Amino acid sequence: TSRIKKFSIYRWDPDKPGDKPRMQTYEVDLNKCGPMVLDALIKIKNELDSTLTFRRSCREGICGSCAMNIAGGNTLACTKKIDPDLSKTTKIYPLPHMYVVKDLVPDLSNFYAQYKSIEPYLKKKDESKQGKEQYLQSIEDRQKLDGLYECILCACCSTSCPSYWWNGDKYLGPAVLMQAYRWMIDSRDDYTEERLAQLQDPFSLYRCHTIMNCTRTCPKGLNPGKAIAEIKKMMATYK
């Protein structure tokens, strides 16, 4: 016996540019497939259509490669359970409002350039002693980084944000802003004032209107929306 589940997936081939984006339906026997959506995608590519294209690497939700939109929400295919209701067809699309390179693969180069622009690395006023001894950090100051350093840069949150959809050329987005915050509150970093000064323009930080799609969709359970609110408070009170 079998339990046939249907998946409708977004297709577009840059080598046949003129054929408009379309949805293709595939039938998969859940009794012969792993429990996650990525398992079904790999089973389709291995047994039904090897032209189906998507990014993946770790299969355990840590690398951030397989982010896409499943059943209307952004998430990691490798940790998203297949819905076993056989009467419903699960729809799969690329991360929203992104240029499609091919099928489920988006161009993330602007997302990565935004990340580089906030200088995500430790800066001290005098770095000449680097490498000589461990810098000290108390348990209490280290605890301030929990909920911030775990980000896997999957872009699920920024691509679920309507402000990022309309102004992603100049709004940095939830993922990048939360990492700016992770460097602002690290006790070993000496450039907090300059990090905040970088956001003094109308777009970088201020296009956020607290919609909160970012925190709802994060596969790691983090809260970029709360981190953005903490930066806005610092921006308002620093000298």
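Residue positions are given as counts along the sequence shown, with the first one as 1.
Here the stretch with the larger average CA B-factor, out of 174 to 182 and 26 to 34, is 26 to 34.
For the two regions 141 to 149 and 86 to 94, the entry's Cα B-factors average higher over 86 to 94. Sort the modelled residues of the chain by CA B factor and residue 102 lands in the lowest third. The PDB entry assigns residue 69 a C-alpha temperature factor belonging to the lowest third of its chain's modelled residues.
When all modelled residues of the chain are sorted by CA temperature factor, residue 196 is found within the middle third. Annotation for residue 207: CA B-factor lies in the middle third of the chain's modelled residues. The entry lists a Cα temperature factor for residue 128 that places it in the highest third of the chain's modelled residues.
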